[PDB]
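For reference, the structure is listed below as structure tokens.
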Amino acid sequence: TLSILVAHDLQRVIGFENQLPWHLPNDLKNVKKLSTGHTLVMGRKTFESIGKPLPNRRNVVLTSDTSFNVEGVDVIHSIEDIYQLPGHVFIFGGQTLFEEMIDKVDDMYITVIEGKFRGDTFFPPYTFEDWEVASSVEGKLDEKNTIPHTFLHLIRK
Ligand SMILES: NC(=O)c1ccc[n+]([C@@H]2O[C@H](COP(=O)([O-])OP(=O)(O)OC[C@H]3O[C@@H](n4cnc5c(N)ncnc54)[C@H](OP(=O)(O)O)[C@@H]3O)[C@@H](O)[C@H]2O)c1
Ligand SMILES: CCc1nc(N)nc(N)c1C#CCc1cc(-c2ccc(C(=O)O)cc2)ccc1OC
């Protein structure tokens with residue numbers, strides 16, 4: 001299975017100055033639940049913004065840099081390389097990779113952040129006419145999670 005995994009706001013913002021614009025532990029927990037034991041594929045800028053591979057899953061970084069060789073990270077140099085990765089593969093970001101892969105993936109796990117943030121990077125436009133809502137779950141608001149958010153699982157029609 002090839003999936004997108006993304007959190008975006010009401011205007012599809014996903015980032016600002018190499019960081020996530022919001023702070024939502026519930027979503028981090030969901031990312032961990034979905035991707036532990038599987039594979040994350042991310043562009044070079046997303047990886048660098050994270051800074052280190054995420055524990056307990058395969059980390060794959062897409063880059064043109066032939067010198068890239070980070071411990072605990074597998075490197076690929078082409079989009080076509082993604083299709084040779086075994087198991088459940090999640091396209092993890094950022095804008096460039098989402099743009100390159102949204103027409104190719106089987107399904108999408110999208111956390112919709114119900115707010116409008118300042119952003120400089122965006123998820124590409126998509127239409128529910130192309131995507132079935134397999135599930136939609138409202139996130140719980142509390143002390144640590146204070147922006148409304150909804151977990152979607154969308155499957156390509
Ligand atoms: N909210 C979310 O769910 C979410 C998730 C992830 C990231 N983000 C945000 O997204 C932003 C970063 O996105 P971005 O678009 O700037 O960067 P990016 O997609 O993370 O990285 C782009 C880089 O990936 C490499 N790359 C992409 N396509 C390639 C290809 N076909 N062949 C070889 N290399 C390729 C290139 O690396 P080289 O230049 O080294 O060749 C390119 O410069 C950040 O703000 C981050 O916070 C948000
Ligand atoms: C966790 C945010 C997020 N949610 C969803 N649903 N899909 C995504 N693709 C990303 C993402 C991303 C990139 C990113 C992840 C993280 C991050 C932080 C913590 C954990 C974790 O606790 O496991 C995982 C990723 C940090 C910074 C960062 O870019 C700045």
Side-chain angles (χ1 to χ4, degrees), residues 1-70 72-85 88-105 107-126 134-140 144-154:
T1 314
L2 185 56
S3 309
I4 269 172
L5 178 53
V6 65
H8 71 66
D9 82 357
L10 293 169
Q11 296 182 311
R12 277 174 293 99
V13 164
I14 60 171
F16 181 70
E17 296 186 339
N18 295 327
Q19 301 180 52
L20 308 171
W22 45 81
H23 307 138
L24 208 51
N26 291 347
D27 179 55
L28 265 57
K29 294 186 341 177
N30 203 62
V31 165
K32 175 164 162 39
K33 185 173 172 65
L34 285 170
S35 63
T36 289
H38 306 292
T39 300
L40 300 179
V41 175
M42 69 197 80
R44 183 265 300 173
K45 297 187 176 178
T46 296
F47 175 71
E48 287 301 327
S49 80
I50 296 172
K52 54 185 172 306
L54 297 186
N56 304 136
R57 72 217 82 167
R58 188 184 189 182
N59 292 246
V60 173
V61 171
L62 176 63
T63 174
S64 68
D65 190 351
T66 63
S67 290
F68 200 92
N69 192 13
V70 178
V73 171
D74 299 334
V75 183
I76 56 171
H77 299 296
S78 171
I79 281 298
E80 334 292 341
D81 296 330
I82 294 177
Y83 307 120
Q84 320 305 326
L85 302 168
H88 196 173
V89 174
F90 296 90
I91 305 302
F92 196 62
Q95 170 168 344
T96 304
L97 200 54
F98 287 141
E99 284 173 352
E100 294 178 277
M101 296 300 296
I102 187 157
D103 288 337
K104 315 291 176 186
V105 295
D107 62 345
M108 308 197 287
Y109 294 87
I110 301 186
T111 305
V112 182
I113 311 295
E114 316 280 351
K116 292 181 172 180
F117 293 74
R118 174 172 295 112
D120 57 23
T121 43
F122 289 75
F123 194 74
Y126 60 97
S135 59
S136 178
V137 182
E138 295 176 20
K140 302 298 184 181
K144 289 215 141 110
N145 303 266
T146 56
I147 168 84
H149 50 285
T150 312
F151 302 100
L152 303 179
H153 181 206
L154 306 181

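Heads up: numbering here begins at 1 and tracks the sequence. Just so you know, these numbers use all the heavy atoms, side chains as well, and skip hydrogens, waters and symmetry mates. Atoms within each ligand, like the ligands themselves, are counted from 1 in listed order.
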So which protein heavy atom does [atom] come closest to, and at what separation?
{"atom": "atom 19 (O) of ligand 1", "answer": "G94 N, 3.0 Å"}
{"atom": "atom 1 (C) of ligand 2", "answer": "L28 CD1, 3.5 Å"}
{"atom": "atom 3 (C) of ligand 2", "answer": "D27 OD2, 3.5 Å"}
{"atom": "atom 24 (O) of ligand 1", "answer": "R44 N, 3.2 Å"}
{"atom": "atom 14 (C) of ligand 2", "answer": "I50 CG1, 3.6 Å"}
{"atom": "atom 29 (C) of ligand 1", "answer": "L62 CD2, 3.4 Å"}

- Task: With heavy atoms of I79 as the reference, note each atom of ligand 1 found under 4.0 Å away.
- Result: 31 (N)

- Message: Using a 4.0 Å cut-off to any heavy atom of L97, which atoms of ligand 1 qualify?
- Response: 19 (O)

- Message: Surrounding NE2 of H23 (heavy atoms of other residues, nucleotides or ligands, distance under 6.0 Å), is the total greater than 12?
- Response: no

- Might you confirm whether atom CD of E138 has over 12 heavy atoms from other residues, nucleotides or ligands at distances under 6.0 Å? no

Hey, is ligand 1 close enough to [X] that some N/O pair sits below 3.5 Å?
{"X": "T96", "value": "yes"}
{"X": "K45", "value": "yes"}
{"X": "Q95", "value": "yes"}
{"X": "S78", "value": "no"}
{"X": "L5", "value": "no"}
{"X": "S49", "value": "no"}
{"X": "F92", "value": "no"}
{"X": "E100", "value": "yes"}
{"X": "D65", "value": "no"}

- Task: State, with a plain yes or no, whether a side-chain heavy atom of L152 is found less than 4.5 Å away from one of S136.
- Result: yes

- Shortest reach to atom 8 (C) of ligand 2 by a heavy atom, considering only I4, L54, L5: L5

- Task: Please say whether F92 places an N or O atom under 3.5 Å from an N or O atom belonging to ligand 2.
- Result: yes

- Centroid-centroid under 6.0 Å between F151 and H149 rings: yes

Side chain, backbone, both or neither: which part of [X] comes within less than 4.0 Å of ligand 1 when only heavy atoms are counted?
{"X": "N18", "value": "backbone"}
{"X": "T63", "value": "both"}
{"X": "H77", "value": "backbone"}

- Query: At a 4.0 Å threshold, what atoms of ligand 2 neighbour a non-hydrogen atom of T111?
  - Reply: 6 (N)

- Under 30°, 30 to 60°, or over 60°: which ring-plane class applies to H8 and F123, parallel, tilted or perpendicular? parallel

- Item | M42 heavy atom under 4.0 Å from ligand 1 | no

